[PDB]
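Okay, structure first, notes after.
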Amino acid sequence: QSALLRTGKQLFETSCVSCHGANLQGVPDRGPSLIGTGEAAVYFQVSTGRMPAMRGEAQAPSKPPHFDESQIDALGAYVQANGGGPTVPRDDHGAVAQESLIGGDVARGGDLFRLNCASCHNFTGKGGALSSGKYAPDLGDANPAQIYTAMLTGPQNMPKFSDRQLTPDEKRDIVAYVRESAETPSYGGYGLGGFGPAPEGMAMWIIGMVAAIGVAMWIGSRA
Amino acid sequence: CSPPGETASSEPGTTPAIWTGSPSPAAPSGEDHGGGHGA
Amino acid sequence: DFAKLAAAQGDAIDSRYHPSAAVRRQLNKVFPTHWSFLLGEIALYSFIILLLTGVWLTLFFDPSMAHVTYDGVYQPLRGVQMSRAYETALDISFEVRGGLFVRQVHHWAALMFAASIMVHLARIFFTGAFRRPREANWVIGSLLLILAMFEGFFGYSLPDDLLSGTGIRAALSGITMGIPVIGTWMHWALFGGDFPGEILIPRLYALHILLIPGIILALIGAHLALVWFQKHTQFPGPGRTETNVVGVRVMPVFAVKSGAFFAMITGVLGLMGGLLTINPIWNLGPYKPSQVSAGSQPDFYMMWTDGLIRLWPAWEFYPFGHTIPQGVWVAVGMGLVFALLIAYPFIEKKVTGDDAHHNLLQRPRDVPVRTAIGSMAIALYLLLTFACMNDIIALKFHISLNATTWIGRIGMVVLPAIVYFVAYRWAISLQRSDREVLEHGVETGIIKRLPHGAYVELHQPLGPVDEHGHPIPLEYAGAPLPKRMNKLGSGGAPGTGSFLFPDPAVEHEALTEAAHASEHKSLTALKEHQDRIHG
Amino acid sequence: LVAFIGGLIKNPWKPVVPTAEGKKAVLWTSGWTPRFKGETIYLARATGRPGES
Ligand SMILES: CC(C)=CCC/C(C)=C/CC/C(C)=C\CC/C(C)=C/CC/C(C)=C/CC/C(C)=C/CC/C(C)=C\CC/C(C)=C/CC/C(C)=C/CC1=C(C)C(=O)c2ccccc2C1=O
Ligand SMILES: CCCCCCCCCCCCCCCC(=O)O[C@H](COC(=O)CCCCCCC[C@@H](C)CCCCCCCCC)COP(=O)(O)O[C@H]1[C@H](O)[C@H](O)[C@H](O)[C@@H](O)[C@@H]1O
Ligand SMILES: CCCCCCCCCCCCCCCC(=O)O[C@H](COC(=O)CCCCCCC[C@@H](C)CCCCCCCCC)COP(=O)(O)O[C@H]1[C@H](O)[C@H](O)[C@H](O)[C@@H](O)[C@@H]1O
Ligand SMILES: CCCCCCCCCCCCCCCC(=O)O[C@H](COC(=O)CCCCCCC[C@@H](C)CCCCCCCCC)COP(=O)(O)O[C@H]1[C@H](O)[C@H](O)[C@H](O)[C@@H](O)[C@@H]1O
Ligand code: HEM
C-alpha cells in the first residue's frame with residue numbers, strides 16, 4: 001500500500017534524517033547507509049528499539065521500542081521500497097510471524113546455535129563481552145521474529161547469517177532452541193546466571209562460605 | 001619480542017587461479033578392467 | 001541390659017586390647033574454642049562430603065571419548081555426537097533418582113572445600129600459625145591446597161562439557177605445550193596423542209577418583225596427626241601461656257560441637273546443592289573443538305591462573321629457530337607463587353629471625369608487615385580472580401572489555417602496593433586503637449563536669465585505677481581487648497521469661513544470680529590459674 | 001622409575017600422519033593438509049544435522 005509507504009516516510013522524516021540523510025543515504029561519520037538492509041533489518045532494529053538512538057558510542061544498546069507494530073511495517077516497507085533486501089517472515093494473516101518461526105527440532109538448533117554463534121553470547125543465550133565496549137546482549141527478552149531478523153541482518157558486529165549461509169529451516173531451528181533455552185527453567189536450583197563458574201563462586205562465598213564462617217563463629221567463641 | 005614472519009605488503013596478490021583439482025592416487029589400489037561376469 | 005551390656009562389652013574391649021591409656025590421652029586432649037580454629041575443619045568436613053558424594057558419582061560415571069549419540073531423555077541433545085563421559089554425566093543428571101542433586105552437592109562441596117582451604121590458609125597465615133614447630137604442617141597443607149586445586153580442575157573437566165573442555169584446551173594443553181624444552185613431550189605424555197587424545201578423560205578419572213585423592217587423604221591424615229599430637233596453637237589471653245592449651249576437652253564438648261559443625265556444614269552444602277544450580281552440563285554442550293562459550297572461565301580456585309593468562313601482556317621470545325610462547329610465563333608464574341606459598345615460613349624465618357618455638361599465636365594486627373604482605377597476596381588473588389570473570393564483568397557491569405583487562409593488567413602491579421600501604425598502616429592503627437584503650441579506659445556516654453562546662457567521655461578503665469581520673473595503664477598481652485562496655489557486664493540482663501511471657505520473679509532472681517556467680521567463678525578460676533603461673 | 005614413566009613417554013615428532021610430502025608429525029599437520037598432491041579440500045560448513053550429511 002502506497003499510504004503505508006507514506007506513513008513510513010512521515011515517521012522517517014521526523015526521527016532519523018539527522019543520521020540517514022532523508023534519501024536513505026548515510027550521513028558520513030554520523031550514521032551509516034540504510035538501503036539494501038531492508039524490512040527485516042528495520043523490524044529488528046526498531047522492534048527491539050535500538051536504532052531510534054541517541055548517541056554513537058561503543059555500541060547502541062537495547063531500549064524500549066520507539067514505534068509499534070502498526071508502524072514498523074510502514075517503516076520497513078519504506079526502507080525496502082527505497083532499497084531492498086531481506087524481509088521479515090509473515091504468516092497467513094499478513095502480520096509479522098512470531099509463533100510459526102519455532103522449528104520442529106531443538107537439538108539441531110542446540111548444536112547449530114552452539115557452533116555458529118554461542119561463542120559470542122553464551123550457551124543458553126545470556127550475554128557475552130565483546131572487544132571495545134561493545135557486548136553481546138541477553139537473548140531472554142527476544143521476540144522470535146526479532147531473533148530471526150537478528151541473525152538474518154546482523155546489526156552491529158555480528159555477522160549477517162544470511163538466507164544462504166543458514167537456511168530458513170536452520171534459522172527456525174535456532175530460534176526454536178533459544179526460545180526454549182532462555183525460557184526453560186534451570187533444572188535443579190536457582191540459575192546463577194547461565195554461565196557457570198563465576199556466579200557459582202561468588203554465591204559460594206557470600207551465600208555458602210559466609211554462612212559457614214557465621215556458623216563457625218556462633219559455635220566457637222572468640223578470645 | 002615480535003615474531004619474525006610477518007608484516008610484508010607486496011602488491012596484494014593475483015586472484016587465485018581456478019582449482020583444476022588433480023585426480024586421486026589414494027583410491028588407486030585397483031585397476032578398472034573390462035568388467036567382472038561369468039560367461 | 002543397656003548399661004550392664006555396655007559395661008560387659010567395655011570390659012571385653014579392655015580385655016582384648018589395652019586401649020584405655022591411649023584413649024584417655026585422646027579424650028582429655030584440649031582444643032581451644034576460638035572460632036577461627038573451626039575454619040580448617042570446613043576443609044575437612046566438606047572433603048568427607050566429597051567422598052560420600054563422590055564414591056556415589058563413581059558408580060554411574062563412564063569416562064570415554066568414544067563418540068555416542070545420546071538417544072536418552074534430554075531433548076536439546078538428541079542425535080548429537082558426544083563423548084561417553086558427557087553422556088553418562090547427562091545420565092547422572094537426568095536418569096538416576098536424586099542424581100543431579102548428588103552431583104551438584106558434590107560440586108558445591110568441592111567449592112566449599114577449595115574455598116575453605118583458602119580461608120583457613122588466611123587464618124593460619126595472618127594469625128601466624130606456621131612458624132617454627134608447625135612449618136612442615138604449613139608445607140603439607142600448602143601441597144594439599146595444590147592437589148586440591150589440580151584435582152578439582154581434573155574434576156569439572158571430567159565430563160567434557162565444552163565450557164571445561166575449552167578449559168582443558170586453555171590450561172592443560174596450551175600451557176603444557178607452552179613450556180620451552182620438555183613441553184611438547186610432557187603434553188604428549190599426559191594425553192597420549194593430540195588434545196582430544198582418547199585416553200585423557202580416563203586418565204583424569206584415574207587421577208581424580210584415587211590417585212590425587214589418595215595423596216590428599218594421606219596428607220589430611222598426616223596433617224591432622226600433626227595438628228593432633230603436636231598440640232594445637234592458640235591466641236594468647238588470660239590464662240594462656242606459651243606451654244599450655246586452654247579450652248574444652250574432646251569428649252564432653254569438642255566432639256559434640258565438631259560433629260554438629262560437620263552436620264551444619266553438610267546442611268549448608270545440601271541447601272545450596274538443592275536450591276542453586278551448578279555446572280549445568282546439559283545447558284553446556286559436548287566438547288567439540290570448534291565451538292566455545294563467551295565466559296570460558298574456570299572454577300574460581302583456578303580463576304587466578306588463567307586470569308593470569310588474561311593479564312600477562314603477550315610477551316613471547318624467539319630464540320634461534322624456536323619459540324617461547326606466553327604460556328611459559330604462567331607456567332613459571334604458577335611455579336613461582338607456589339614456591340612462595342610452600343616455602344614462606346622459611347622465607348620469613350630468614351628475614352625476621354624467628355628462631356624460637358612459638359605456640360601462642362600473634363593477632364594479625366600485631367604483625368603489620370606480615371599482615372600487609374598477606375593482604376598483598378589476598379588482593380592480588382582477588383585481582384587475578386576479579387579479572388578472570390573479565391568477560392562477564394565487562395558484560396554486566398558495563399565496562400569496555402579492553403578497559404577492564406587493562407584495569408587488571410595495571411592492578412596486579414599497583415593494587416598490591418596500594419593494599420600494602422593500607423594494610424601496613426591499617427594494622428598499625430588497629431594496634432594504636434587498642435593501645436589507647438589501655439592508657440585510657442573504654443568509652444561510654446558523656447557526663448559534663450559539674451562546676452564548669454566541660455565534656456569528658458567517661459572512660460571505664462580495664463585494670464586497677466588510681467585515686468584520680470586516670471587508671472594504672474595496663475601492658476599489652478596479645479589479647480583482643482574489649483572496646484565496648486556493651487561487651488562487658490553492662491546492661492546484659494534482659495527478662496529471662498520467654499519471648500512473649502515472663503517467668504516469676506524469684507525464678508529470674510535465681511537464674512541471674514546463678515549465671516552471674518558462674519561467670520564470676522569462671523573468671524575467678526582463670527585468674528587464679530593465671531596467678532598460679534606467675535607467683 | 002623409567003618403567004613407570006616409559007609407558008607414558010611418546011615421541012611427538014614420530015611421523016604419524018600421511019601428508020603430501022610424506023609422513024609428517026602431528027603438530028605440522030591439520031586436516032587441511034593435502035594427502036598426495038593438490039586434492040579438492042572443500043571448505044564445507046557443519047549444518048548441525050544429527051548424523052545424515
Ligand atoms: C594469606 C596469603 C595468601 C599469604 C600467602 C603467602 C604469599 C606470600 C604467597 C605468595 C602469593 C602471591 C605472590 C600471589 C597471590 C596468588 C594467590 C595467593 C593464589 C593462592 C590461592 C590462595 C592462597 C588464595 C588466598 C586466600 C583467600 C583469598 C582468602 C579469602 C579472603 C578472606 C580472608 C576470607 C574471608 C572471606 C569470606 C568471609 C567471604 C567474604 C566475601 C568476599 C566478597 C569474597 C571475595 C571473593 C573471593 C575471595 C573469591 O575467590 C571469589 C571467586 C569467584 C567469585 C567471587 C569471589 C569473591 O567475591
Ligand atoms: C521454597 C520451596 C522450594 C522452591 C525451590 C526454590 C529454589 C529456586 C529454584 C526454583 C525455580 C526458580 C528459578 C527460575 C529459573 C532461573 O534460572 O532463575 C532466573 C534468574 O534470573 C534472575 O536473576 C532474576 C531473579 C531475581 C531474584 C533474586 C536473585 C537471587 C539472588 C539472591 C542470588 C544471590 C547470588 C549472590 C549475589 C552475589 C553478591 C554480590 C555482592 C529467574 O528466572 P526469570 O527471572 O523468570 O527469567 C530468566 C531471567 O532471569 C534471565 O535473565 C534470562 O536470561 C533467562 O534465564 C530467564 O529464564
Ligand atoms: C570493587 C570496586 C572496584 C572499583 C575499581 C574502579 C576502577 C578504577 C578506575 C578505572 C578507570 C577505567 C578507565 C577506562 C576507560 C577506557 O575505556 O579506556 C580504555 C582503557 O583504559 C584503561 O583501562 C586504563 C585505566 C586503568 C585503571 C588503572 C587501575 C587502577 C587499579 C588500582 C584499579 C583496580 C581495581 C580492581 C578491583 C578488584 C578488587 C580488589 C580488592 C581504552 O580502551 P578501549 O576503550 O577499549 O579502546 C578505545 C576505543 O574504545 C575508543 O573508541 C577509541 O577512541 C580509542 O580510545 C581506543 O583506544
Ligand atoms: C614424574 C617423574 C618425571 C621424570 C621425567 C624424566 C624421566 C624420563 C624417563 C623416560 C625415558 C624414556 C622412556 C622410554 C620412552 C622412549 O623410548 O622414548 C622414545 C623417544 O623419546 C626420547 O627418546 C626422549 C626421552 C626424554 C624424556 C622426555 C620426557 C620427560 C618428561 C618431562 C615428560 C613428562 C612425563 C611425566 C608427566 C606426565 C604426567 C602423567 C600423569 C619414545 O619414542 P616412541 O616412538 O614414541 O615410542 C613410544 C613408546 O615409548 C611408548 O611407551 C608407547 O606408548 C608408544 O606410544 C611408542 O610410540
Ligand atoms: C579431593 C577432593 C575432591 C574435589 C575437590 C573434587 C572435585 C570434583 C568436581 C568439581 C567435580 C565436578 C562435578 C560436576 O560439576 O559434575 C567432580 C566430579 C567427580 N568426582 Fe570429585 N572431587 C574430589 C574427590 C573425589 C573423590 C574422593 C571421588 C571418588 C571416590 C570423586 C568422584 C568424582 C567423580 C567420579 C566425578 C565425575 C562425575 C561427574 O562430574 O558428574 N571425587 N569432583
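A few notes on this one:
- Taken across region A:134-156, residues that are within 30 Å of A:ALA40 (Cα to Cα) and assigned to a strand (DSSP E or B) do occur, with at least one present.
Yes or no, residue by residue, for (1) over 30 Å from C:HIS358 (Cβ atoms); (2) more than 14 Å from the chain's Cα centre (by Cα); (3) within 14 Å of another protein chain (Cβ to nearest Cβ):
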| position | (1), (2), (3) |
| --- | --- |
| C:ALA89 | yes, yes, yes |
| C:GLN104 | yes, yes, yes |
| C:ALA122 | no, no, yes |
| C:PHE130 | no, yes, no |
| C:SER142 | no, no, no |
| C:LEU158 | yes, yes, no |
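- Set side by side, the residues C:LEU395, C:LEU415 differ, and just one is in a helix (DSSP H, G or I), surrounded by 17 or more Cβ atoms within 10 Å (Cβ to Cβ) and within 16 Å of ligand 2 (Cβ to nearest atom), which is C:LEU395.
- Only one of the numbered conditions (1) more than 8 Å from chain C (Cβ to nearest Cβ); (2) among the acidic types (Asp, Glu); (3) out of contact with any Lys or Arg (no Cβ under 9 Å at 6 or more places or on another chain) is not met by A:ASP173, and that is (3).
Conditions (1) of a type in the set (A, V, I, L, M, F, W, C); (2) without any contact (Cβ under 8 Å) to a residue 60 or more places away in the chain; (3) away from chain C (no Cβ under 14 Å), marked per residue:
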position: D:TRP13; (1), (2), (3): yes, yes, no
position: D:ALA25; (1), (2), (3): yes, yes, no
position: D:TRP32; (1), (2), (3): yes, yes, no
position: D:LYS37; (1), (2), (3): no, yes, yes
position: D:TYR42; (1), (2), (3): no, yes, yes
position: D:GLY48; (1), (2), (3): no, yes, no
position: D:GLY51; (1), (2), (3): no, yes, no
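- Test: residue in region A:151-159 that is more than 16 Å from ligand 3 (Cβ to nearest atom), touching a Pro at 6+ places or on another chain (Cβ under 8 Å) and either charged (D, E, K, R) or within 8 Å of chain C (Cβ to nearest Cβ) (or both): no
- Sole exception among (1) surrounded by 21 or more Cβ atoms within 10 Å (Cβ to Cβ); (2) away from chain D (no Cβ under 14 Å); (3) within 13 Å of ligand 4 (Cβ to nearest atom) for C:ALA109, by number: (3)
- Candidates in region C:75-101 are the residues that are under 20 Å from A:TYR190 (Cβ atoms) and either charged (D, E, K, R) or in contact (Cβ under 8 Å) with a residue 60 or more places away in the chain (or both); of these, the one that is farthest from ligand 1 (Cβ to nearest atom) is C:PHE94.
- Residue count, region C:378-392 (criterion: farther than 30 Å from A:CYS120 by Cβ and buried (at least 20 other Cβ atoms within 10 Å of the Cβ)): 1
- Of the helices (runs of 4 or more DSSP H) lying entirely inside region C:119-197, those carrying at least 1 residues that are under 25 Å from C:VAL227 (Cα atoms) and within 16 Å of ligand 1 (Cβ to nearest atom) are C:135-156.
- Failed criterion for C:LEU336 (all others in (1) in contact (Cβ under 8 Å) with a residue 12 or more places away in the chain; (2) away from ligand 2 (no atom under 16 Å from the Cβ) hold): (1)
- Only residues that are at the interface with chain C (Cβ under 8 Å from one of its Cβ atoms) and surrounded by fewer than 19 Cβ atoms within 10 Å (Cβ to Cβ) were counted in region A:101-143, giving 6.
- Considering region A:188-223, the residues that are near ligand 2 (Cβ under 10 Å from one of its atoms) and of a type in the set (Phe, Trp, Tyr) include one that is farthest from the other protein chains (Cβ to nearest Cβ), namely A:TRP205.
- In region C:170-197, the residues that are among the aromatic types (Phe, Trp, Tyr) reach residues that are more than 9 Å from ligand 4 (Cβ to nearest atom) and part of a helix (DSSP H, G or I) with C-beta atoms within less than 8 angstrom, at least six apart or across chains, in these pairs: C:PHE191/C:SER173; C:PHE195/C:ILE168; C:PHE195/C:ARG169; C:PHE195/C:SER173.
- Meets criteria (free of Cβ contacts under 8 Å to residues at least 60 places away in the same chain, surrounded by 14 or more Cβ atoms within 10 Å (Cβ to Cβ), among the hydrophobic types (A, V, I, L, M, F, W, C) and not in a loop (DSSP other than H, G, I, E, B)) for C:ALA206: yes
- Every condition in (1) in contact (Cβ under 8 Å) with a residue 24 or more places away in the chain; (2) more than 16 Å from ligand 4 (Cβ to nearest atom); (3) surrounded by fewer than 22 Cβ atoms within 10 Å (Cβ to Cβ) holds for C:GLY141 except the one numbered (3).
- Among the residues of region A:161-186, those identified as of a type outside the set (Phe, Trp, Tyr) and crowded, with 18+ Cβ neighbours inside 10 Å are A:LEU166, A:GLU170, A:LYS171, A:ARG172, A:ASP173, A:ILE174, A:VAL175, A:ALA176, A:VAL178, A:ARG179, A:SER181, A:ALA182.
- Of everything in region C:270-296 that is away from ligand 2 (no atom under 16 Å from the Cβ) and in a loop (DSSP other than H, G, I, E, B), the residue that is farthest from C:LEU100 (Cα to Cα) is C:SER290.
Readers should treat all values here as calculations from the given coordinates under stated rules, not as data from a laboratory. Methodologically, a virtual Cβ is constructed for each residue, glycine included, from the backbone with ideal geometry; neighbour enumeration extends over all protein chains shown.
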